[PDB]
Amino acid sequence: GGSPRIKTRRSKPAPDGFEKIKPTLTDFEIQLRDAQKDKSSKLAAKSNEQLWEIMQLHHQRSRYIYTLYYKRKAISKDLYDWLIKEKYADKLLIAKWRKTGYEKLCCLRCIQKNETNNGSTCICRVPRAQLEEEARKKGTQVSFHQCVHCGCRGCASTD
Ligand SMILES: [Zn+2]
Ligand SMILES: [Zn+2]
Ligand SMILES: [Zn+2]
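The deposited coordinates derive from solution NMR.

Now the structure itself:
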């Protein structure tokens, strides 16, 4: 080779407990590397689907840490918190699922709306009955299925 190849950012060290889940997290880099490599090499057909597999991998990460910290109980809040702060799982996403009314949720920035200045939500969060009303209100038609943000087929819990 000739030059080294390592560039990561860390703040606090992880407790020995991290060794129990050290190789499983490394496997995600090989899967993310396939979609991450397509963005720089070979990028003509099938592109949005490649990124959906990357943001979708985040769900398996929270389920892996959630399955061992909330069910297996084989880890301590310090390691579980060190992972949430060093890019491992997502507390805001696991919190939205624990809340009430979040049965059809796919991501964190793909199902949120505001009522103060502007609205930043995704169409997949809105069911078809709500989307159909918009067409009748503007004298037009409508027909959504999946959103471009991730690989979701329209998720709506209200309807
Ligand atoms: Zn989504
Ligand atoms: Zn969406
Ligand atoms: Zn969705």
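**Some words on the coordination of the zinc ion (ligand 1)**
Protein coordination of the zinc ion (ligand 1) is provided by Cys106 (SG), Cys107 (SG), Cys110 (SG) and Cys150 (SG), with donor distances spanning 2.3 Å. Spacing between the donor residues of the zinc ion (ligand 1) along the chain follows C-C-x2-C-x39-C. Here the zinc ion (ligand 1) and the zinc ion (ligand 2) are spaced 3.7 Å apart, linked through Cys110, which binds each one.

**Some words on the coordination of the zinc ion (ligand 2)**
Looking at the zinc ion (ligand 2), the protein donor atoms are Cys110 (SG), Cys122 (SG), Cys124 (SG) and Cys147 (SG), and they sit 2.3 Å from it. Around the zinc ion (ligand 2), the four donor atoms are arranged such that angles at the metal cover 104 to 114°; this shape is classified as tetrahedral. Along the chain, the residues that donate to the zinc ion (ligand 2) are spaced as C-x11-C-x1-C-x22-C. For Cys124, a relative accessible area of 0% gives the class buried.

**A few points about the layout of surface pockets**
Over the atoms, a rolling probe the size of a water molecule traces out where space has been left empty. Empty space within the largest pocket amounts to approximately 830 Å³. Taken together, 23 residues make up the lining of the largest pocket; nearest its centre are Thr8, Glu29, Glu86, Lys87 and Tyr88. Sorting the residues of the lining of the largest pocket by element identifies α2 (22–40) and α3 (48–72) as the ones contributing at least two each. When its residues are assigned to classes, the lining of the largest pocket shows nine nonpolar, four polar and ten charged.

**With respect to the environment of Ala156**
Here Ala156 shows up in the segment after α6 (128–137). Judged by its relative accessible area of 6%, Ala156 falls in the buried class. Sequence spacing of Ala156 and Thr26 is 130 residues, and the spatial spacing of their C-alpha atoms is 33 Å. Setting aside residues no more than four positions away along its own chain, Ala156 makes contact with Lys104, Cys124, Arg125, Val126 and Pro127.

**Side note on a positive patch on the surface**
Residues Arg5, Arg33, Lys37 and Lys39 make up a contiguous surface patch of positive charge. Along the chain, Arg5 falls in the segment before α1 (17–20). Of the residues examined, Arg5 reaches a relative accessible area of 79% and is grouped as exposed.

**Re the packing of aromatic side chains**
Under the counting rule described, the total for this entry stands at seven aromatic pairs. Where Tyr69 meets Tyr80, the ring centres are 3.9 Å apart and the plane angle is 25°; that geometry is what we call stacked. Of the two residues, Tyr69 sits in helix α3 while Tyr80 sits in helix α4 (residues 77–85), which places them eleven residues apart along the sequence. Of the two residues, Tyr69 and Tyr80, neither departs from the other in class, the shared state being buried. Both rings, one in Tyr70 and one in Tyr80, keep their centres 6.0 Å apart while their planes meet at 80°; by these two values the pair is edge-to-face. Taken together, the residues span a long stretch of sequence, with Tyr70 in helix α3 and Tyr80 in helix α4 at a distance of ten residues. Residue classification places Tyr80 among the buried residues on the basis of a relative accessible area of 2%. By way of ring pairs, the aromatic residues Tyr66, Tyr69, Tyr70 and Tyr80 are connected into one cluster. Its end group placed over the ring of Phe28, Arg61 keeps NZ or CZ at 5.0 Å from the ring centre.

Thresholds, definitions, all that
Per-chain numbering applies: from 1 upward along each written sequence, possibly unlike the entry's numbering, with residues missing coordinates excluded. All chains are assigned letters beginning at A, and all ligands numbers beginning at 1, according to the order in which they are written. By convention in this description, side-chain values take in all heavy atoms of the structure and omit both hydrogens and water. Coordinating donors are taken to be N, O and S atoms lying within 2.8 Å of the metal, or within 3.2 Å when the metal is Na, K or Ca; because water is excluded from the atom set, some sites may appear incomplete. Angular criteria define each label, namely tetrahedral for four donors with all angles between 85 and 135 degrees, square planar for four and octahedral for six donors with opposite donors over 155 degrees apart and remaining angles between 65 and 115, and irregular for whatever fails these tests. Three exposure classes are used, based on accessible area relative to the maximum for each residue type with a 1.4 Å probe and protein chains only: buried under 20%, partly exposed in between, and exposed over 50%. Cavities and pockets are found on a 1 Å grid laid over the protein atoms alone: a cavity is a set of points where a 1.4 Å probe fits but cannot escape, a pocket is an open set with protein on both sides within 12 Å along at least five of seven lines, and a lining residue has an atom within 4 Å of such a point. Grid points are joined across faces, edges and corners, and a volume is the space filled by probe spheres set on the points. By the criteria applied, helices consist of DSSP H or I runs no shorter than four residues and strands consist of E runs no shorter than two, each listed in order from the N terminus. In this classification, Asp, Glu, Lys and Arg are treated as charged, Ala, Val, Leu, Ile, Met, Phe, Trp, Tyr, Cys and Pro as nonpolar, and every other residue, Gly included, as polar. The contact criterion used throughout is that any non-hydrogen atoms of two residues lie within 4.5 Å. Patch criteria: residues need more than 30% relative accessible area and no salt bridge. Like-charged residues are merged within 9 Å; nonpolar side chains of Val, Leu, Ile, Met, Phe, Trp and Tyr are merged within 5 Å. Surface accessibility in these figures is a Shrake-Rupley result with a 1.4 Å probe; residues are shielded only by whichever protein chains are displayed. Note on definitions: salt bridges are taken to be side-chain nitrogens of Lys or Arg within 4 Å of carboxyl oxygens of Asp or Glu. By the counting rule applied here, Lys and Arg register as positive and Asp and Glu as negative, while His and the ends of each chain are not counted. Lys charges are placed at NZ, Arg charges at CZ, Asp charges at CG and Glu charges at CD. Only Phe, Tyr and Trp rings take part, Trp by its six-membered ring, and two of them pair if their centres are within 6.5 Å. Stacked means planes under 30 degrees apart, edge-to-face means over 60, and tilted covers everything else. Remark: a charge is flagged as sitting over a ring if the NZ atom of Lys or the CZ atom of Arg is within 6 Å of the ring centre and within 35 degrees of the ring normal.

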